[PDB]
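Visitor: I'd like to ask you about the structure that follows.
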Amino acid sequence: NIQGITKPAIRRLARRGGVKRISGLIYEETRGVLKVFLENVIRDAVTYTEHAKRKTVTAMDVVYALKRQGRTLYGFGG
Amino acid sequence: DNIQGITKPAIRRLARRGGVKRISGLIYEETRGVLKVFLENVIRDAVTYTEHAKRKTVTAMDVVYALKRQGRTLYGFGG
Amino acid sequence: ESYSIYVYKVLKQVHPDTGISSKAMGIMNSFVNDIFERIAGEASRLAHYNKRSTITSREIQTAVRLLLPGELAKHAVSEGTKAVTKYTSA
Amino acid sequence: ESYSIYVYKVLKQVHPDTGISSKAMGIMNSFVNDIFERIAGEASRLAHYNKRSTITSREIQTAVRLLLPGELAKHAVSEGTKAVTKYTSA
Amino acid sequence: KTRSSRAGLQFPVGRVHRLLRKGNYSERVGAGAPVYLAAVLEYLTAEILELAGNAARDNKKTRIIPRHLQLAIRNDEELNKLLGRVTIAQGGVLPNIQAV
Amino acid sequence: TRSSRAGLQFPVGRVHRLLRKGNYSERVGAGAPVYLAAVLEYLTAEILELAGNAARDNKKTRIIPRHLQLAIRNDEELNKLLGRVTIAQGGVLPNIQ
Amino acid sequence: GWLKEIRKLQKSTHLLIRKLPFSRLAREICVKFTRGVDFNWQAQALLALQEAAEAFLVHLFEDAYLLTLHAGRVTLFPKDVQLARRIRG
Amino acid sequence: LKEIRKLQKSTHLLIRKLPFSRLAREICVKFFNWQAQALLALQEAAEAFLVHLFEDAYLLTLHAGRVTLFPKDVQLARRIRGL
DNA sequence: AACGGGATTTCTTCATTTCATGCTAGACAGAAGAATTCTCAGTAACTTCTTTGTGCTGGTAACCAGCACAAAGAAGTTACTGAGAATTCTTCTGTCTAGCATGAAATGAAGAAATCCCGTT
DNA sequence: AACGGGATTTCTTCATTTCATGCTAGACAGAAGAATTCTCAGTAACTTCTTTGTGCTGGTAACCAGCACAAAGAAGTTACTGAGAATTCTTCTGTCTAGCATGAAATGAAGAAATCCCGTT
């Protein structure tokens with residue numbers, strides 16, 4: 001499932017940031033990382049959602065959660 | 001020029017204690033450099049506080065709130 | 001509800017010949033609350049350190065003073081300590 | 001008035017033999033405080049987000065889950081979960 | 001008779017005031033705090049839309065989209081500071097590269 | 001005391017106030033300040049538990065800030081929590097990469 | 001594709017990681033923190049997730065590619081995208 | 001590499017006080033009276049800054065292989081922290 | 001090893017909880033709205049997944065070119081007290097100066113489709 | 001440059017805000033005891049100094065062991081597009097609870113004294 005992220009995908013990213021030669025393992029050092037992230041981010045954003053006793057996570061359910069990791073996402077205020 | 005109150009031997013202690021071995025040459029100014037954008041940055045956010053309640057006496061707590069506002073909590077000074 | 005409509009009129013103020021989208025509206029709208037939340041906060045953290053149980057126009061001032069940087073700060077002051085006056089005397 | 005009368009009470013509870021320097025007592029209280037806040041903090045905020053003016057124990061619990069890491073969470077919650085009932089059934 | 005046009009402001013003095021008593025940031029709010037604050041947000045709100053609108057013109061465009069707010073921010077000494085850990089959506093990035 | 005019913009040691013009483021006085025709300029539940037008092041006690045007894053083992057570990061019978069600094073950086077779960085903190089007079093983890 | 005494509009995407013503004021493979025990905029990592037349940041994800045709440053996740057890998061890449069160019073190289077390595085994830089906190 | 005295991009084992013604030021004390025009131029006078037206590041807090045936090053600063057910065061020196069610090073480092077370091 | 005400065009302990013008056021009893025409010029419990037989000041089906045439409053081919057990037061071992069650690073015999077100037085000298089936090093008082101409280105009337109701001117209209121196809 | 005499907009505008013309402021005054025109250029400006037913050041001076045005296053050298057480390061090539069970008073290909077995977085069901089957030093309406101008030105004592109606590117003792121000298 002993790003292989004959901006292709007090669008040029010992770011690359012494009014790695015490219016946007018200004019990277020020339022994208023090494024080997026890198027491709028999995030992203031599936032790896034992006035995994036730690038969506039984790040700490042979804043577990044947070046889900047606890048808030050189980051508080052309001054909801055079966056649907058809310059846009060705001062996530063944002064509040066980034067706002068805990070130290071990332072203030074903007075464009076979504078419900 | 002009181003930015004020289006910190007010295008080659010002193011900067012080497014912090015450098016050394018930080019797991020640093022063979023220090024470089026200019027790291028004896030770099031220090032004298034950042035320590036001045038830290039203290040400077042921490043002073044302002046901390047002076048305004050003293051300047052808010054009113055007085056000419058900056059308490060460790062005018063500071064500590066400055067360090068939290070900083071994103072760097074400090075322990076052992078409260079009340 | 002939200003600041004959207006206000007974020008619009010003002011937009012027209014400092015820029016008439018210009019428009020906006022909706023996502024870029026979402027951000028504005030996400031911007032306002034983001035600064036509100038910081039100012040009223042650190043101003044709330046302010047009226048607290050000094051036992052005062054009320055937020056003055058002075059709290060919000062020394063509060064902005066502490067949240068907005070060098071040049072941004074100065075102008076939010078003159079738009080404030082000049083918004084209290086034209087509110088009081090008139 | 002500070003918690004150093006309670007921090008110490010717990011100190012010699014777990015190591016009734018050991019003492020503590022008044023300088024660690026500064027860390028102690030500074031800490032307890034830094035913790036009281038962060039939890040009651042994101043609780044004010046949690047009762048706030050889900051449109052209410054009440055802070056149940058239920059809040060000061062999802063408030064902890066969200067602040068205390070790993071097993072420091074799955075233990076402090078059953079330390080409250082346990083300390084609240086024993087209260088009700090006073 | 002609006003408290004906002006009385007303070008010469010566009011942004012709601014009224015709303016903010018209330019928004020200031022609910023989140024319980026205190027027990028009592030000045031009569032000037034919720035007219036000073038609301039005026040600071042107007043500036044900032046007009047402060048970005050100022051630039052973000054410009055870049056829009058520099059980008060040969062007369063429509064504020066998320067991308068324009070991105071450059072308005074990342075191309076201003078003050079803003080970037082303020083908006084440290086912020087992440088604009090559909091933002092994109094500054095076209096900066098560097099070789100060996 | 002109320003900490004008696006809850007069977008704590010940390011002021012269920014004090015917190016309640018310190019909790020309605022901070023304006024964290026305008027209406028405070030009755031289980032809340034009781035709960036927080038227990039959660040505070042745990043964490044505080046918690047860290048001491050380590051501060052004081054490594055205190056007898058490091059051959060010393062009195063707790064100094066240094067010991068608090070060690071229980072911290074030596075608890076996978078505590079260092080995470082106490083990320084943005086720094087103890088007054090506490091050296092560091094003797095570590096040469 | 002070097003100095004030529006590493007200036008097309010900066011100019012771009014959209015997503016880079018396909019929507020659905022990611023969508024699927026969130027719902028699963030969602031399956032853990034719930035005792036093993038389903039959970040509706042606001043189609044809205046999903047994009048948000050990514051928007052940030054992206055700018056997190058990008059910035060986290062460039063914030064590291066300055067670590068590669070330090071050891072005098074031009075090839076990012078799993079050596080770099082872990083030094084910073086230890087030089088941030 | 002002698003003192004390494006001497007100071008790691010200690011806690012005494014390395015930089016003297018007085019030098020520092022003026023260094024502060026100076027960036028202060030740019031805007032009083034300082035409880036002698038508060039000058040420690042603006043100290044303990046000060047050195048605590050530098051310490052974890054080189055440390056975090058040396059990994060930047062031991063990544064390019066190097067073993068000798070360089071300002072080249074306390075600028076890539078302070079750069080990945082956003083400070 | 002040993003005694004010097006920091007607790008540990010025990011005592012006292014003092015502020016802060018606490019239980020009484022209403023008094024509002026706040027949570028609540030199903031009944032169903034109005035949402036939108038899961039569900040599959042089912043196609044269309046790229047975008048992925050190769051499989052060499054190999055340019056040249058990262059090494060790794062050499063050499064050259066210096067930069068940095070090292071006591072040392074000193075005296076600069078940082079500690080540490082001590083006693084002030086007195087500048088100023090802080091606590092009080094008593095009365096100002098003022099935001100809180102309604103009870104509703106009215107003006108404002110959020111919403112529901114519809115002609116125009118700007119980047120994008 | 002020809003269009004796709006968002007902004008931009010009107011046009012009507014349910015609320016939210018502004019009103020009007022009467023009040024409890026947080027607040028503030030004039031007194032003042034005194035903790036300290038600043039300092040001067042000392043006898044201590046630790047530290048930072050200044051330096052001549054050579055050791056151990058960094059700066060460049062050299063010559064190269066493989067890695068990663070470029071394709072021309074092969075055909076499975078992303079898009080959504082609905083639409084039904086419905087899986088569910090969301091409201092609603094006042095009983096049943098539940099927590100806020102206001103006090104009057106009644107204790108749990110902060111703050112000095114003094115013996116009692118750990119771990120820098």
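Each chain in the structure tokens gets a letter, A, B and so on, in the order shown; residues start at 1 in every chain, and ligands are counted from 1 in the order they appear.
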Using all C-alpha atoms paired in order, least-squares fit chain C onto chain D and give me the moved copy as a compact mmCIF listing (two decimals) with N, CA and C atoms, in the first residue's frame.
Guide:
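Here's the written file result-v6.txt:
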# COMPACT_ATOMS: atom_id res chain seq x y z
N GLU C 1 3.25 31.61 47.09
CA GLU C 1 2.81 30.18 47.25
C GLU C 1 3.20 29.27 46.07
N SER C 2 3.02 27.96 46.23
CA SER C 2 3.37 27.01 45.18
C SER C 2 3.26 25.54 45.60
N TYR C 3 3.36 24.65 44.62
CA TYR C 3 3.24 23.21 44.83
C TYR C 3 4.35 22.57 45.67
N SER C 4 5.41 23.34 45.92
CA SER C 4 6.56 22.86 46.69
C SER C 4 6.30 21.79 47.75
N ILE C 5 5.44 22.09 48.72
CA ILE C 5 5.14 21.15 49.79
C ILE C 5 4.52 19.84 49.29
N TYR C 6 3.72 19.94 48.23
CA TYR C 6 3.08 18.76 47.66
C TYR C 6 4.12 17.96 46.90
N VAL C 7 5.00 18.67 46.21
CA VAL C 7 6.05 18.03 45.45
C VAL C 7 7.00 17.33 46.43
N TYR C 8 6.82 17.60 47.71
CA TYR C 8 7.69 17.04 48.72
C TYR C 8 7.12 15.76 49.31
N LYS C 9 5.92 15.84 49.86
CA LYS C 9 5.29 14.67 50.43
C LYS C 9 5.36 13.51 49.42
N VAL C 10 4.95 13.78 48.18
CA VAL C 10 4.98 12.76 47.13
C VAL C 10 6.38 12.20 46.94
N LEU C 11 7.36 13.09 47.02
CA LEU C 11 8.77 12.72 46.87
C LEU C 11 9.06 11.66 47.91
N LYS C 12 8.60 11.92 49.12
CA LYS C 12 8.80 10.99 50.21
C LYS C 12 8.03 9.72 49.89
N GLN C 13 6.86 9.86 49.26
CA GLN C 13 6.10 8.68 48.90
C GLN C 13 7.05 7.74 48.15
N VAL C 14 7.20 7.96 46.85
CA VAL C 14 8.05 7.12 46.00
C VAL C 14 9.54 7.08 46.35
N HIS C 15 9.94 7.68 47.47
CA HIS C 15 11.35 7.68 47.88
C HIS C 15 11.54 8.30 49.27
N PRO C 16 11.67 7.46 50.30
CA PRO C 16 11.85 8.03 51.64
C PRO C 16 13.31 8.25 52.04
N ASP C 17 14.12 7.22 51.84
CA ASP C 17 15.54 7.26 52.17
C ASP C 17 16.24 8.40 51.41
N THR C 18 15.52 8.97 50.44
CA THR C 18 16.06 10.04 49.61
C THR C 18 15.57 11.46 49.92
N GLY C 19 16.43 12.43 49.59
CA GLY C 19 16.12 13.83 49.83
C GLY C 19 16.00 14.66 48.55
N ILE C 20 16.32 15.95 48.66
CA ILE C 20 16.22 16.89 47.54
C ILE C 20 17.02 18.14 47.91
N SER C 21 17.24 19.04 46.95
CA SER C 21 17.96 20.28 47.24
C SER C 21 16.91 21.39 47.24
N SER C 22 17.25 22.54 46.68
CA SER C 22 16.28 23.63 46.64
C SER C 22 16.13 24.11 45.19
N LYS C 23 17.22 24.02 44.43
CA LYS C 23 17.21 24.41 43.03
C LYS C 23 16.41 23.32 42.32
N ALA C 24 16.72 22.07 42.69
CA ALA C 24 16.06 20.88 42.14
C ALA C 24 14.62 20.83 42.60
N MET C 25 14.28 21.76 43.48
CA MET C 25 12.94 21.89 44.02
C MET C 25 12.28 22.96 43.16
N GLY C 26 13.09 23.94 42.78
CA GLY C 26 12.62 25.00 41.94
C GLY C 26 12.16 24.40 40.64
N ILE C 27 12.97 23.48 40.11
CA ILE C 27 12.60 22.83 38.86
C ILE C 27 11.28 22.05 39.05
N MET C 28 11.20 21.15 40.03
CA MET C 28 9.95 20.42 40.22
C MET C 28 8.85 21.45 40.13
N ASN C 29 8.89 22.38 41.08
CA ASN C 29 7.93 23.46 41.19
C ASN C 29 7.66 24.16 39.85
N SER C 30 8.65 24.15 38.97
CA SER C 30 8.54 24.77 37.63
C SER C 30 7.99 23.74 36.67
N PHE C 31 8.06 22.49 37.08
CA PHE C 31 7.58 21.40 36.26
C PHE C 31 6.07 21.31 36.37
N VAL C 32 5.58 21.21 37.59
CA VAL C 32 4.16 21.11 37.81
C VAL C 32 3.39 22.11 36.98
N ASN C 33 3.66 23.40 37.18
CA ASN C 33 2.96 24.45 36.44
C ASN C 33 3.11 24.36 34.93
N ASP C 34 4.23 23.79 34.50
CA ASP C 34 4.48 23.65 33.07
C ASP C 34 3.53 22.65 32.40
N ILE C 35 3.21 21.56 33.09
CA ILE C 35 2.29 20.54 32.58
C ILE C 35 0.85 21.00 32.84
N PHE C 36 0.62 21.61 33.99
CA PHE C 36 -0.71 22.11 34.29
C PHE C 36 -1.06 22.96 33.09
N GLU C 37 -0.28 24.01 32.91
CA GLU C 37 -0.48 24.94 31.82
C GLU C 37 -0.75 24.35 30.43
N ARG C 38 -0.22 23.16 30.15
CA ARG C 38 -0.43 22.54 28.84
C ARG C 38 -1.76 21.79 28.78
N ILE C 39 -2.03 21.03 29.85
CA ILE C 39 -3.23 20.20 29.97
C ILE C 39 -4.50 21.03 30.07
N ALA C 40 -4.51 21.96 30.99
CA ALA C 40 -5.68 22.79 31.10
C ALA C 40 -5.81 23.56 29.77
N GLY C 41 -4.69 23.86 29.13
CA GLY C 41 -4.78 24.57 27.87
C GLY C 41 -5.48 23.73 26.82
N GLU C 42 -4.75 22.78 26.22
CA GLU C 42 -5.28 21.88 25.19
C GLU C 42 -6.62 21.23 25.58
N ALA C 43 -6.98 21.31 26.86
CA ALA C 43 -8.25 20.76 27.30
C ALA C 43 -9.24 21.91 27.14
N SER C 44 -8.72 23.14 27.27
CA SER C 44 -9.52 24.36 27.12
C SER C 44 -9.76 24.59 25.64
N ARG C 45 -8.77 24.19 24.84
CA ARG C 45 -8.84 24.31 23.39
C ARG C 45 -9.83 23.23 22.94
N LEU C 46 -10.02 22.25 23.81
CA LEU C 46 -10.90 21.14 23.51
C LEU C 46 -12.35 21.44 23.75
N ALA C 47 -12.70 21.86 24.95
CA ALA C 47 -14.09 22.16 25.25
C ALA C 47 -14.58 23.29 24.35
N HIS C 48 -13.65 23.89 23.62
CA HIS C 48 -13.99 24.99 22.73
C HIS C 48 -14.39 24.51 21.35
N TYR C 49 -13.59 23.66 20.73
CA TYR C 49 -13.91 23.16 19.40
C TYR C 49 -15.30 22.52 19.28
N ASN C 50 -15.81 22.08 20.43
CA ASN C 50 -17.09 21.40 20.56
C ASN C 50 -18.16 22.23 21.31
N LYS C 51 -18.14 23.54 21.10
CA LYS C 51 -19.07 24.48 21.68
C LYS C 51 -19.32 24.31 23.19
N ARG C 52 -19.02 23.14 23.73
CA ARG C 52 -19.18 22.92 25.14
C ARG C 52 -18.49 24.11 25.85
N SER C 53 -19.11 24.65 26.89
CA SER C 53 -18.52 25.76 27.63
C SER C 53 -18.19 25.29 29.04
N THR C 54 -17.81 24.02 29.12
CA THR C 54 -17.43 23.41 30.37
C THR C 54 -16.39 22.30 30.13
N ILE C 55 -15.40 22.25 31.01
CA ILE C 55 -14.32 21.26 30.93
C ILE C 55 -14.63 20.00 31.74
N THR C 56 -14.99 18.90 31.08
CA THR C 56 -15.32 17.66 31.78
C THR C 56 -14.07 16.91 32.25
N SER C 57 -14.26 15.78 32.91
CA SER C 57 -13.12 15.00 33.35
C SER C 57 -12.68 14.30 32.08
N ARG C 58 -13.58 14.28 31.10
CA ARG C 58 -13.31 13.64 29.82
C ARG C 58 -12.47 14.57 28.94
N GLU C 59 -12.64 15.88 29.09
CA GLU C 59 -11.85 16.83 28.31
C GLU C 59 -10.40 16.59 28.71
N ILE C 60 -10.10 16.76 29.99
CA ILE C 60 -8.76 16.57 30.54
C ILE C 60 -8.18 15.22 30.13
N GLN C 61 -9.05 14.23 29.95
CA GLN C 61 -8.57 12.90 29.55
C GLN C 61 -8.05 12.92 28.12
N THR C 62 -8.97 13.08 27.18
CA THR C 62 -8.60 13.14 25.80
C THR C 62 -7.58 14.26 25.65
N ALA C 63 -7.47 15.13 26.65
CA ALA C 63 -6.48 16.22 26.59
C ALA C 63 -5.09 15.70 26.94
N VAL C 64 -5.00 14.89 28.00
CA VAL C 64 -3.73 14.29 28.42
C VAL C 64 -3.34 13.36 27.28
N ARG C 65 -4.30 12.52 26.90
CA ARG C 65 -4.18 11.58 25.81
C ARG C 65 -3.39 12.20 24.64
N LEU C 66 -3.65 13.48 24.36
CA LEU C 66 -2.99 14.20 23.26
C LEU C 66 -1.64 14.88 23.55
N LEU C 67 -1.36 15.12 24.83
CA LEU C 67 -0.12 15.80 25.25
C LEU C 67 1.00 14.90 25.74
N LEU C 68 0.64 13.83 26.44
CA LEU C 68 1.63 12.88 26.95
C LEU C 68 1.76 11.76 25.91
N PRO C 69 3.02 11.39 25.58
CA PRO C 69 3.39 10.36 24.60
C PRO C 69 3.09 8.90 24.97
N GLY C 70 3.15 8.04 23.96
CA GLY C 70 2.89 6.62 24.13
C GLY C 70 2.70 6.05 25.53
N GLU C 71 3.80 5.67 26.16
CA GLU C 71 3.73 5.06 27.47
C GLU C 71 3.42 5.96 28.66
N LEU C 72 3.85 7.22 28.60
CA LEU C 72 3.58 8.15 29.69
C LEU C 72 2.08 8.35 29.73
N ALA C 73 1.48 8.52 28.57
CA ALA C 73 0.04 8.72 28.47
C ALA C 73 -0.74 7.66 29.24
N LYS C 74 -0.70 6.41 28.77
CA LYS C 74 -1.44 5.30 29.40
C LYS C 74 -1.55 5.32 30.91
N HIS C 75 -0.44 5.57 31.59
CA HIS C 75 -0.46 5.59 33.05
C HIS C 75 -1.12 6.81 33.71
N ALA C 76 -1.13 7.94 33.02
CA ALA C 76 -1.74 9.16 33.54
C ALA C 76 -3.25 9.00 33.42
N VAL C 77 -3.66 8.02 32.62
CA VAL C 77 -5.07 7.75 32.41
C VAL C 77 -5.59 6.93 33.61
N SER C 78 -4.95 5.79 33.86
CA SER C 78 -5.33 4.91 34.96
C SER C 78 -5.18 5.60 36.33
N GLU C 79 -4.44 6.71 36.40
CA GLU C 79 -4.27 7.43 37.66
C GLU C 79 -5.32 8.50 37.71
N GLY C 80 -6.02 8.67 36.58
CA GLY C 80 -7.07 9.66 36.47
C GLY C 80 -8.46 9.04 36.49
N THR C 81 -8.72 8.15 35.54
CA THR C 81 -10.01 7.47 35.45
C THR C 81 -10.13 6.48 36.59
N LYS C 82 -9.32 6.69 37.62
CA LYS C 82 -9.30 5.84 38.80
C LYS C 82 -9.22 6.78 40.00
N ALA C 83 -9.10 8.07 39.71
CA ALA C 83 -9.03 9.07 40.75
C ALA C 83 -10.39 9.75 40.79
N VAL C 84 -11.18 9.58 39.73
CA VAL C 84 -12.53 10.17 39.65
C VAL C 84 -13.51 9.27 40.36
N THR C 85 -13.27 7.97 40.20
CA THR C 85 -14.08 6.94 40.81
C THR C 85 -13.95 6.97 42.32
N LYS C 86 -12.73 6.75 42.82
CA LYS C 86 -12.51 6.76 44.26
C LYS C 86 -12.83 8.13 44.87
N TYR C 87 -13.31 9.04 44.05
CA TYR C 87 -13.68 10.35 44.54
C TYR C 87 -15.20 10.37 44.59
N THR C 88 -15.83 9.77 43.59
CA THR C 88 -17.28 9.73 43.48
C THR C 88 -17.99 8.76 44.40
N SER C 89 -17.67 7.48 44.25
CA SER C 89 -18.31 6.46 45.06
C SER C 89 -17.98 6.56 46.56
N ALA C 90 -16.93 7.31 46.91
CA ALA C 90 -16.54 7.47 48.32
C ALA C 90 -16.48 8.94 48.77
Visitor: Need to verify the contact set: stretch 107-114 of chain J, 12 Å, only C-alpha atoms (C1' of nucleotides), exclusion of same-chain residues closer than 6 positions in sequence. Can you return it as a VMD selection string?
Guide: (chain D and resid 1 to 6) or (chain F and resid 1 to 3 9 to 11 13 to 14) or (chain I and resid 8 to 18)
Visitor: Can you write out the residues you just picked, keeping C-alpha atoms (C1' of nucleotides), as a short mmCIF file (atom, residue, chain, number, x, y, z; two decimals), in the first residue's frame?
Guide:
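Contents of the output file out_33.cif:
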data_model
loop_
_atom_site.label_atom_id
_atom_site.label_comp_id
_atom_site.auth_asym_id
_atom_site.auth_seq_id
_atom_site.Cartn_x
_atom_site.Cartn_y
_atom_site.Cartn_z
CA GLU D 1 1.88 29.56 47.74
CA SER D 2 3.43 26.85 45.55
CA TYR D 3 3.20 23.10 45.04
CA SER D 4 6.65 22.42 46.59
CA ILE D 5 4.73 21.29 49.66
CA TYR D 6 3.06 18.69 47.50
CA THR F 1 -10.08 17.14 52.04
CA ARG F 2 -11.33 16.62 48.50
CA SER F 3 -7.93 15.09 47.69
CA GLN F 9 -1.93 14.31 47.71
CA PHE F 10 -1.96 17.14 45.18
CA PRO F 11 -4.61 19.82 45.88
CA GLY F 13 -8.91 22.01 45.71
CA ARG F 14 -6.22 24.39 44.47
"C1'" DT I 8 14.80 18.16 58.05
"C1'" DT I 9 11.62 18.89 61.74
"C1'" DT I 10 8.46 20.82 64.80
"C1'" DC I 11 5.73 25.16 65.86
"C1'" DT I 12 2.61 29.01 65.03
"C1'" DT I 13 -0.85 32.40 63.19
"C1'" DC I 14 -3.03 32.95 58.80
"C1'" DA I 15 -5.47 32.56 54.18
"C1'" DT I 16 -8.12 29.14 51.39
"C1'" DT I 17 -10.78 25.66 50.90
"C1'" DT I 18 -15.59 23.31 52.24
#
Visitor: Taking the backbone alone, and naming residues the way the document does, which bits of chain E are alpha helix (DSSP H) by DSSP, as a PyMOL selection string?
Guide: chain E and resi 13-22+33-58+66-74+77-82
Visitor: Point out the residue among F:32, F:47, F:72, F:37 with the least atom-to-atom distance to chain D, counting only C-alpha atoms.
Guide: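 Checking each candidate against chain D, we get F:32 as the closest.
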Visitor: Go through stretch 5-85 of chain E and collect every residue that DSSP, computed from the backbone, puts in strand (DSSP E); the answer should be as a ChimeraX atom specification.
Guide: /E:28-29,63-64
Visitor: Kindly provide, as a ChimeraX atom specification, the residues of chain J having any atom no farther than 9 Å from an atom of chain F, counting only C-alpha atoms (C1' of nucleotides).
Guide: /J:98-100,108,118-119
Visitor: When the cut-off is 12 Å and we count only C-alpha atoms (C1' of nucleotides), which residues of chain J are near chain H, given as an MDAnalysis selection string?
Guide: chainID J and resid 35:38 46:48 56:59
Visitor: Between E:85, E:3, E:61, E:74, which is the closest to chain J once you count only C-alpha atoms (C1' of nucleotides)?
Guide: E:3
